[PDB]
Each structure stands twice: as structure tokens, then as C-alpha cells.
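Here the protein sequences come in this chain order: A and A'. A prime marks a further copy of an entry chain. Residue numbers 1 to 106, in the deposited numbering, belong to the letters of the first sequence in order. Residue numbers 1 to 106, in the deposited numbering, belong to the letters of the second sequence in order. Just so you know, even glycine gets a beta-carbon here, dropped at the ideal spot from N, CA and C. Everything on this sheet refers to the single structure shown next.
There are 2 protein chains.
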Amino acid sequence: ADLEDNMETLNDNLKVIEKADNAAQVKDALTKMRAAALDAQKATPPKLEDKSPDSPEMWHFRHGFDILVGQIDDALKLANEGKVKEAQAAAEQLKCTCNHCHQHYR
Amino acid sequence: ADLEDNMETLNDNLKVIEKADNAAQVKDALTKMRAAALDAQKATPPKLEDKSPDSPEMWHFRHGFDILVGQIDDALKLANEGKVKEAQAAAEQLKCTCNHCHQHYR
Ligand code: HEC
Ligand code: HEC
Ligand SMILES: [Zn+2]
Ligand SMILES: [Zn+2]
Ligand SMILES: [Zn+2]
Ligand SMILES: [Zn+2]
Ligand SMILES: [Zn+2]
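Here you go:
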């Protein structure tokens, strides 16, 4: 999967969570988001001209996905506890993480 | 001013912008936010145990304020053009920057 595919996986599954009815649907979507975040963490932002892995902005790019994965894991803990409404609310807190990286690299 | 004061300056002036009527009110509030962001950039997050300036998470902390200042400057460009509704909307885009740093360090 490429960056576009991983982002649409994140995008579609965030919606699945919002519309979900049980913990299993939420857990399934969060698990898919988690893998897509770690896969996208291997890419580079197309508009960053310096793609060097050790550059500060590439550190920051990968770091943003570690933060996102941490928040996904927080939501998964709630989903695995059966707390559906709570997990859905935690998934909503992802969105500023998405929007922050987008503003900063797009 | 300390970190609490700078954050409440950011907090109060974001509200002033939302309720403003002309470019001058928006510009005045954004200018105050800008100075408070650069002042807060000198502090450290109270819950970060490693306060070393050269550590990655202290780099990230200061970097978040540079991003915020950049967005404030984008909003100021619109305010200085007289585009009040546009400037107010740009100020709204700050909020995920605020919430991102809060989630990550509080
Ligand atoms: C959090 C849950 C999300 C969600 C829902 C999305 N992202 Fe990202 N994203 C990043 C970059 C560099 C791009 C540009 C990619 C490119 O130019 O091809 C994107 C793009 C998107 C899209 C748009 C896809 C398109 O049709 O153009 C969407 C829908 C999307 N993302 C969803 C980088 C990042 C991150 C780096 C740290 C993080 C985190 C996210 N995105 C988070 C999310
Ligand atoms: C963007 C416009 C904002 C706004 C409106 C606020 N912040 Fe921050 N903030 C940061 C840290 C580390 C703290 C904890 C401070 C502490 O423990 O004393 C805060 C706290 C706040 C508050 C709460 C004040 C209180 O009564 O406890 C408020 C209202 C607030 N902030 C507003 C760190 C950062 C950032 C670092 C990169 C950025 C950016 C912001 N905050 C952005 C904003
Ligand atoms: Zn797409
Ligand atoms: Zn960066
Ligand atoms: Zn960051
Ligand atoms: Zn306060
Ligand atoms: Zn960090």
C-alpha cells in the first residue's frame, strides 16, 4: 500500500468507528488504522524536498505517526474493555492529530 | 509572564477573535497571541522529566510553537488585508495545533 491508500484507510475507518454499534466493529477499524499508520510512517511527504531520514522534519513526520498510534492504542484499550461510546470519543481525538500533520506537510 | 499566563493569553485572545467585528480587533488579538506563543516557547512542559534543550521532545515542544506562530502569521496576513471573516477562519485552524500539543505533553 502507498501513502494515498494508507490515508484513505485511516479516513474510511475513522468513519466506520463513528457509525459503529459494538466493540468488535470499533476494534476492527482501529486495528486497521493502526497498521495503516505504521505503513504510512515509512513514506515521505511528497512536498518535503529533503527526504533524509535523519533530518528534523523527517523525524517529526515519523514522530507524528507514533503519536497517532499511541492515541489509537488508547482507543483500542477502551474498545477491548467493551466501552463503545468511550472508544468512539477517543477516536474523535485523533482528528487534530490528522489535521496537524496535514497542515504542516501538505 | 509564566506558562499559565501565556496559555491564558492564547486562550482569551482566540475568543476575542471569534467575537471580533473588524480587522483591527483581530489583528490586535493575533499580535498578542504571537508574543505569548514565543514567550511560552521558552518554557518547558511541567510533566516532561527531561528538560534538556537538545532532547528530541524539547525540540518538538519548541517546534510546536514555531508551527503555531506560522499559522498566526497566516491569519495576520489576512487581517492586514482587511479580510475579517477569512482571518477568523484561519484562527480557528490554530485549535488543532493547541489540542495536539496539549494531548502530547499534558
Ligand atoms: C488521522 C486519523 C488521519 C486521517 C483520517 C488522514 N490522515 Fe493523512 N496525510 C499525510 C500526508 C503527508 C498526506 C499527503 C499525501 C499525498 O500528498 O499523497 C496525507 C493525506 C491524507 C488524505 C488525502 C488523500 C488524498 O486523496 O489526497 C486523507 C483523506 C488523509 N490523509 C487522512 C500525513 C499524515 C500524518 C503524519 C504524521 C498523519 C498522522 C495523518 N496524515 C493522519 C491522518
Ligand atoms: C492555541 C491557540 C492554544 C491555546 C488556546 C492554549 N494553548 Fe496550551 N499548553 C501547553 C502546555 C505544556 C500546557 C500545560 C501548562 C501547565 O501545566 O501549566 C498548556 C496549557 C494550556 C491551558 C490551560 C491553562 C490551565 O489553566 O491549566 C490553556 C487554556 C491553553 N494551554 C491554551 C503547551 C502548548 C503548546 C506547545 C507547542 C501549544 C502550541 C499550545 N499549548 C497552544 C495553545
Ligand atoms: Zn484520496
Ligand atoms: Zn515539523
Ligand atoms: Zn509535532
Ligand atoms: Zn488557566
Ligand atoms: Zn513529541
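#### Entry: Buried or exposed by the 16-neighbour rule on C-beta atoms within 10 Å, applied to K27/A
For this step, residue 27/A is matched to residue 27 along the first sequence. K27/A sits buried, since 16 or more C-beta atoms from the chains shown fall within 10 Å of its C-beta.
### Query
How about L94/A: is its Cβ closer than 7 Å to a heavy atom in ligand 1?
On the first sequence, residue 94/A is found 94 positions in, with the first residue counted as 1. Indeed, a heavy atom of ligand 1 lies less than 7 Å from the Cβ.
### Task
List the residues of chain A whose Cβ lies closer than 9 Å to the Cβ of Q93/A', in chain order.
Counted from its first residue, the second sequence places residue 93/A' at position 93. For the C-beta of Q93/A', the chain A residues within less than 9 Å are, from N- to C-terminus, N99, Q103.
#### Entry: Residues near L94/A' in its chain [Cβ-Cβ closer than 6 Å; skip 5 each side]
Numbered from 1 along the second sequence, position 94 holds the residue referred to as residue 94/A'. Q71, listed in sequence order.
### Query
In the segment 13-27 of chain A, which residues sit with their C-beta less than 8 Å from some C-beta in chain A', listed in chain order?
From the segment 13-27 of chain A, no residue has a Cβ closer than 8 Å to chain A'.
### Three-way DSSP call (helix, strand, coil) for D2/A' in this model
What you label residue 2/A' is simply residue 2 of the second sequence in a count that begins at 1. Residue state, collapsed to three classes: coil.
### Cα-Cα separation between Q41/A' and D21/A, rounded to whole angstroms
To locate residue 41/A', count along the second sequence from 1; it is residue 41. To locate residue 21/A, count along the first sequence from 1; it is residue 21. Rounded to the nearest angstrom, the two C-alpha atoms are 43 Å apart.
### Query
Assuming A75/A contacts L30/A under a Cβ cut-off of 8 Å, what Cβ separation, rounded to an integer in Å, is found between them?
As a working note, residue 75/A is residue 75 in the first sequence. As a working note, residue 30/A is residue 30 in the first sequence. Sure, about 5 Å apart at Cβ, within 8 Å.
### Proximity test, Cβ basis, 8 Å: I67/A' and chain A
Along the second sequence, read from residue 1 onward, the residue named residue 67/A' stands at position 67. It does: the Cβ of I67/A' has a partner Cβ on chain A nearer than 8 Å.
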